[PDB]
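Here you get one chain, nothing else, as structure tokens; it is the form deposited in one PDB entry.
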């Protein structure tokens, strides 16, 4: 019996408020009778037609992605109220996780998380899917060994955005590359906010001068250089995610070798 019956899903606490509506914690009983902990995304009753269409449109994309480092959609109940049943990652947001665990985390782990997210982005890049919300608030911790890229950006996060996105509202895989490097900066900074010392209006001017985020204290120089390549003003000069996977794999190996693991 393929698909998901509503009776197979029991809701518990509210987890929070997403763009379309409330997200609940719950339990899904699958076809083997196993109890699976789930995050259940809902759409507000009083929302516009275009918002409902978009809720379902994004869900169908997520249903077709099956990547170890992208949040997993388990199923969709289309009949109103429409529920999108996701896998629950109870550790929650990576930014908060990093803050909490900063005194036990090794640099090799921070590079691992970067690499994992990079792998997900390399897959999206292969189908010219532009994500727009690659940031530690939108990465989920499945386990200490595994992070997952969250839902696509509602697209204002000026301090994460490429120059062309700020200047022209242009979003491409290369602007995702820019944002991914900002995410890496956040990770290596244990979840500090990029340009916390500036206001939004000031950013593009600084970026136009060639000024960039400074190297985080624990960031290996080799990795900082890679970040600065991602922040090339010209989108065409930025590495592609497929290139970054190879580069980050090498950085990861080096950090593991230095840590003797």
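Positions refer to the first chain, counted from 1. If you superpose the two forms and keep the largest set of C-alpha atoms that fall within 1.5 Å, you have the rigid core.
One more form of this protein, deposited in another entry, exists but is not displayed; see below.
The two forms, fitted on the rigid core, differ between this form and the one not shown by 2 Å or more at the CA of residue 47. Here residue 221 does not count as shifted, since its C-alpha moves by less than 2 Å between this form and the one not shown after the core is aligned. Residue 193: CA moves less than 2 Å between this form and the one not shown after rigid-core fitting.
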